[PDB]
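> No letters, just coordinates:
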RNA sequence: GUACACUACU
RNA sequence: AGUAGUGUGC
RNA sequence: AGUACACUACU
RNA sequence: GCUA
RNA sequence: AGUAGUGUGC
Ligand SMILES: [Mg+2]
Ligand SMILES: [Zn+2]
């Protein structure tokens, strides 16, 4: 996408499109993500709270994964995705990161 | 396929219990595949996907004013229609595999539309588009419809349908009713292959033995089963069913006893441990001491490397004459009196030129100028030695042995006792001695001390300077490691040894018996005297400080001379083919070191180089005895269950003559112990499932295992590499015929002498050796024959038509080959002639027997060896064979041929024990061809048999098995342990978790002991006699053949018995004289042993039956335990891979492992097999089928063997063809998961070896960089000896055209206008008219003039449309012409007929005119014996075939291509004839004359448009590869966590010709289609011949050679006809199996190109590669493509990404404003997104984007109505408590009645056809239905029914009254299925 | 179609 | 030598 | 009676 | 083995 | 000397 900026309070969603560490659909890979990867998005020009600026994000529950052991003689784990709890949104992952 | 609908079909399959409803599932699956292809094709055409529109709707859409009162169009419905340019196109989609349905529906539509065609005054084109689902190929019928659509972009996958078809079939496999349902037609047989049987069979003594071996009722069953005629009887299976129901009692009791053995087993299986390995080692060392002569003295060692080395002296000149003077003055100056020192001083005096260097160089340069002036050799001028000071110089570095300067005693002592001219157990060194191993360890430490130091040289060479950029940007660490190799003394040592051995071979070619020669290298200290195959040499090293020499046990003595020391090695005598491997050793060294080192920082490079300097330079058996048993020792020590003690105690025989053998033996011994200790350090990677495919599988990459050959930690893939790679270090053909022929004869005769005495009975019951359980065999064959021939009904048709039984024998490529075959006759005169000529040659050679074998031997069976095609020519000329159908002739030779003879010879393989190979006579080939193809096409049906799988796809079959077993294990452990793991959610939960169901995965990697020798051949009689697709007379003849085949004789070879009658001592227990009765006959009757590989498919089928019995035993044994099991068993000829997955609860896993291995041994023994327990190992993770691994679902292969064959042999034709074959060595490595940097190392080594062969290394005399406008060899084309510069994905895909292709892509990237740069290749080739040529670089002008005048033609034009492709172009330019004689060829019959035809009076022109008037048999085979005989006669006019018939070795070809490098060998007139309108010419003046001529030619824009039109725009593969390289976008780097196997899709998606190419050329040689229509194929071929003007160019060439010659030439005309029909043959060409190992699975074509570019860029990670625009074209192989693709794909990706980004990441309350702000204001992939939205709105698939078309205001009712037809669902109403309304798409029912009785029912449809009524009744009565219709009514016409199904199940669907009665009759067949009526209820209006 | 090379099972 | 392939050259 | 030729190098 |  | 070998070969 080659598109002019899209400022929304304190985020550039164009930079969210161009991001590579924050477009995962797992809740854990965004919750455990880095501040360097989030510092790409910030473009404020005068807000006063992160909670007021993060309103322009998703409130739907993400599809995270839960790995269980298999109980076999070559023992291993089998991971898979799964809808999380009402709290496992995208805004909550960004707030925990912050 | 819309995953929800996928899941509804899948849950519709899992719930199936009836055999009557799976037919409905199959029909729904086929129509779902059909309309999926319809939607995708109407998408790629941008036409509206209509369904079920009749003709009347088409008429009122085209002509909307007529009423149907005028006309009645027929009520047949197309798939779709299209009206454009006042033409109606009736379109019909097919997903068939053959055109048989297409032609009949074409006839139907065309016939029923010719009436309406000329009434409405519009033409009606009938278009049929058929796609093949296994290999996506479009076949559009209308050649006018393709003019509308020049480019068609379907890229879809039909494997989500193949999966459901195969799992539904294997669910309902053993049922017979459903197999009758999925029958194509009926069980039909053809005409008989023979009209009468063989009554001599019943009186045959082998049949008498076979019959009296069996008890009486089995005798009667066999007697009546041979005579069963399946065509006469009512059902074909009424014999198989009879014998199955006979033997079912004994079968079931055996399976139940073997299943009850699960409780008798204790958990003590054959584990490895250090105790058993130590005891096996003790028994081994005792056995080896009793076999060998164990030595303790260190000076009995053999040379580990046949070379000593010293470093270079910079203080001396590296001039050749100065080094010659230094060598002579340093040999003369030896201080001391050793044994041979006077001979060394005398040889130093014989080469003393004093100081007359100028006279020496003048004389030698004059001789070399005389030699290089001719193409031939200089004849009839003798060479005189010139007296130079103190040297009789004969040539450069060739000195006479002067009898005045050496004493006769010293000369005799030197040539007798040092050179070995004229001069009882094998003596090996004690590998278990402490002092011997300690001396070995000090040898290795001393070599590491000298060779690890730096050189003091630059590391610049050919490999580094020319490929280091590629190697470096693939991986910086590979570049650093290769640099560190090139800095040390290892690389200088092995480079000096390669250069010195190349000089030794170049020097010893023209050495004489009285001359010695001197060979030099780039090191000014290391020399070599070549003494007078068997090259004898001695290395001489001048070194300053004593003890500063590399000595791998080869030194004779270090001596004191002036100005330092001098060391001379012992005299080494080697073969030419061993010195050949020595020359190529830097490639082996560098490959081995970089492959061992790769991606492992725990290893030290000096350790790897120290090991690999000895493994890369070992050309003796002493390491062959260690590298192949190392696999079995280390893997059996690593495994769960093995008999490594038995392998060491019985089979490991180390043969340690060298000290490196002793060192490596201690490495193997330590690694066995260490391999046992570390098997608990193998972990599994966490598996990501998706319910669709497995990503991230395999084995974890932790370095915890101890390395084997050198200290360090290592991971499991690298550990298996260290185990399995050293076997490919071994050379091939290190065996001597004199010893391996006696070894093969001994092992055959020992097995036969064992079986003549000890093996008496044939059948058993208690698993005795070489005996078969009869009842189990018979019942298992009955079951598997029933299953296999009940799958497919036309199986005899498939056998006859896939193997050409009805055709002539001259059309089968195994009967017309050039391999050896045996023949028996009175061949006395020819053998006496060749014997007296070879003795005459011997005595003439020594001036400057067969008859003693014949007279001593009375019962000598006389023979001679012949090629196969010559034997066929002889049998056709002597009228033994005819051009009748071949299978009748085979059935006649099955009676007419009684005595079978077989001789043998050695394989000459790299195994320590060589393998026997049997050559049989031609009639045996015919009969075993018949038997084996009958067995083959049934092994094609069985999924467990793996020879029938075509090559290397077995690596993908392994992955499919492993993935289904992981999925089974996951689902089974989640199902069985469901309630326990729910009750989990602390002392109370652990003991709860101890009682749950635990899993077990077991993998048996089995081999079989003596698969062909110790095999009961009598079970194959029961395989033949039970076969229902044969006639009784055919069975009778085949069994009579096998009865005669068991009475076969084994002729011992004549050279073997030459070397046994010249033996002069009676051998102790001569088994050869025992079996041959003291050598009075050369033949031995072999009975049981059926040679080798003669019966691969038959034995594989019976082995698959054995594994079926084993599978059934394990199923019953586990269902005794109330647990689940999945057994897979892949069966090759004898390699077996059984994988057992068990989830049970009752007993421990050790008891199950012990039971399973006991029962595997027993199940192999019940069928006459025997599991090789010494080589059979059991693991958890590692599968190992035929050299193919599967680690935990991730496929794995040793790519090191394909890397190590990059210095292999070749044809040695020219500098291009050698490079071509060596690059093919690296492409196969890339297929087997090689990293990119090691692939570039292999490509570099390939170029290095090729330039070494022709003296083209940088600086040498054939180096082309000083002759062309180029700054490096990357800027010289490959044809003119440049190096290959292309991306690695491009090299792997197209291959060797990637040089030209990548050069043209670079020119496009450099010179196109800026606005056309991020576009397709077709849109950029159209901008060549805007190029200016005055600013092209001189390199670019040169390389285009190469492509314009030496690759293409001068008469070509930029406005042509159908020029040739790269495939129709020979690529060589500079090939050396060798002056050779043909050969002997006296032994051939057809060659004698050829020589009788040359001396015939004007007879050869009849042959030429018969070839020319019937020209198609210059490129293909002939249909009858006349065509074949004239082709066989004509093939002797080609020289290259005649030199192919005479045997040659690649070493002599190599030496000749070295030495003939400065000769004039390039016929430059053949190159000059290429363009505009002397003798031979060297390489350098060919370069000069070529660059002289190309400066005179001109190059304009029209010529570049010719170049781009003929290299790129022809071929669709070149278009899509250029588009992948231009338009690629790289993505996110990630590791290769789960690799997978994927086949290469074909890039030429569209086909024009639908007959076979031989048939098309045979029909083009006439003007008559001879078969279905062929009106299109001949006119496509005629358009191709006329539009590129092949015929006129051929006429111009024959006319100009007529004008040059004057007399009417025919041989040139046949060369022109041959080239013409070659070009036509590659034009028609109507595939391959190229499976790769890629980081994900590639389903489409563009996904395969994405994974090929994403894999081959870095070693460490892989990238996600998406493309800018459509990277495909519209087929039409030799046809231009001037039309690009509409960018609808970009619009699809854009709005799919936008909608899913917007509802995944953006807040929900503001998503429409986000969408508007995207659409109005952004751009996706350089295209404005408003334009992509306009593309979607103007398209015909707006129904895909319904949520996008809403929230923006562009959506209307036609879209929703269109959409509704697609995804149709079911709607119920009315659960009040009496009328139901079940509505669907154009399908609604209304049902009126009480609880008891229903009054009437009204269906409502769109069309009233009896198919659609039952379909609608099935779908509308499958949802929520109040009740179960529980009453009946008498019934007369459609009704609603129900059948009962066990435990409260019913099926609800509408039948006809007639169909109610018919299905009640069919389920009232007398059977086992308990009968359920379809008791019918209420009437359906 | 012929020739050559390679891998794999015998 | 039979097999199963793959790739090169005419 | 003859039987004909490569490397020649940063070392 | 090939050439005079 | 070298190569091969519990079959003498080269
Ligand atoms: Mg195996
Ligand atoms: Zn701010």
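Sure, I can see it. Residues are numbered from 1 along each chain as shown, chains lettered A, B, ... in the order given. Ligands and ions are numbered 1, 2, ... in the order given.
> For the rest of this, base every contact and every neighbour count on C-alpha atoms.
Noted.
> So which bits of chain B are right by ligand 2?
By C-alpha under 5 Å from the ion, no residue of chain B approaches ligand 2.
> Count residues in the vicinity of residue B:795, would you?
Counted with other C-alpha atoms under 10 Å in any protein chain shown, the neighbours of residue B:795 add up to 21.
> Hmm, residue B:789 and it touching each other?
Yes. With contact taken as C-alpha atoms under 8 Å, residue B:795 and residue B:789 are classed as touching, separated by 7.0 Å.
> Are we agreed that residue B:780 is in a helix?
Yes. Assessed with DSSP: H, G, I helix; E, B strand; the rest coil, residue B:780 lies in a helix.
> Now it. Nearest residue, chain neighbours left out?
Of all residues not flanking residue B:780 in the chain, residue B:1105 sits nearest, at 6.1 Å (C-alpha to C-alpha, 6 or more residues apart in numbering or on different chains).
> Relative to the whole chain's centre, how far out is the helix or strand containing that neighbour?
Using DSSP states H and E, residue B:1105 maps to helix B:1096-1119. Centroid separation for helix B:1096-1119 versus its chain: 28 Å, with C-alpha atoms, centre = their mean, to the nearest Å.
> So is it next to RNA strand C?
Yes. Where contact is defined by C-alpha under 7 Å from any atom of the strand, part of helix B:1096-1119 touches RNA strand C, namely residue B:1096.
> Skip ahead from that helix and say which helix or strand is next.
Following helix B:1096-1119 in sequence order, the next helix or strand is strand B:1124-1131 (DSSP H and E).
> now that next one, how far from the chain's geometric center?
The chain centroid and the centroid of strand B:1124-1131 are separated by 26 Å under C-alpha atoms, centre = their mean.
> contact partners of that strand?
B:944-947, B:961, B:965, B:968, B:972, B:1100, B:1103-1104, B:1107, B:1111, B:1115, B:1118, B:1136-1144, B:1185 (C-alpha atoms under 8 Å, 6 or more residues apart in numbering or on different chains).
> Which elements pack onto whichever helix or strand comes after that strand?
Per DSSP H and E, strand B:1124-1131 leads on to strand B:1136-1144 as the next helix or strand towards the C-terminus. Contact here means 3 or more C-alpha pairs under 8 Å, 6 or more residues apart in numbering or on different chains; DSSP states H and E; on that basis strand B:1136-1144 packs against helix B:954-976, strand B:998-1006, strand B:1124-1131, strand B:1183-1185.
> for chain A, what spans make up the helices?
A:13-17, A:28-31, A:35-38, A:50-53, A:91-97 (DSSP state H).
> So which of these is nearest residue B:1164?
Smallest distance to residue B:1164 across the helices of chain A (C-alpha to C-alpha): 51.9 Å, for helix A:28-31.
> In contact with the closest residue to RNA strand D within chain A, which residues are there?
Ranking the residues of chain A by distance to RNA strand D (C-alpha to the nearest atom of the strand) places residue A:74 first, at 32.2 Å. Applying C-alpha under 8 Å, 6+ apart, we find residue A:74 in contact with B:683-684, B:1000-1001, B:1180-1181.
> so who does the residue sitting furthest away from the middle of chain A touch?
Here chain A reaches farthest from its C-alpha mean at residue A:73, the gap being 36.7 Å by C-alpha atoms, centre = their mean. Residue A:73 makes contact with B:998-1001, according to C-alpha under 8 Å, 6+ apart.
> again with residue B:1398
Contact analysis of residue B:1398 by C-alpha under 8 Å, 6+ apart lists residue B:1404.
> From residue B:1404, how far out is it?
Taking C-alpha to C-alpha, to the nearest Å as the measure, residue B:1398 falls 6 Å from residue B:1404.
> now the strands for the stretch 901-1050 of chain B?
For the stretch 901-1050 of chain B, strands defined by DSSP state E, counting those that start in this stretch occupy the ranges B:901-906, B:916-920, B:998-1006, B:1048-1051.
> can you give me phi and psi for residue B:872?
phi -70, psi -40 (degrees, to the nearest 10).
> number of nearby residues for residue 91?
No chain specified, so I'll use chain A. When neighbours are defined as other C-alpha under 10 Å, residue A:91 has 23 of them.
> Wait, chain B was what I had in mind.
For residue B:91, the neighbour count with other C-alpha under 10 Å is 20.
> Ok, residue B:892 next?
Residue B:892 is flanked by 18 other residues according to other C-alpha under 10 Å.
> Does residue B:1207 touch residue B:1245 like I think?
Yes. Proximity of residue B:1207 to residue B:1245 meets the contact threshold set by C-alpha under 8 Å, at 7.3 Å.
> list the residues that contact both of those two?
Taking C-alpha under 8 Å, 6+ apart as the criterion, residue B:1207 and residue B:1245 both touch residue B:587.
> All the helices of the stretch 1501-1650 of chain B, residue numbers only.
Taking DSSP state H, counting those that start in this stretch as the test, the helices found in the stretch 1501-1650 of chain B are B:1501-1511, B:1516-1526, B:1557-1564, B:1575-1587, B:1590-1605, B:1611-1628, B:1645-1655.
> Of those helices, which is nearest RNA strand D?
Nearest of these to RNA strand D, taken as C-alpha to the nearest atom of the strand: helix B:1611-1628 at 7.8 Å.
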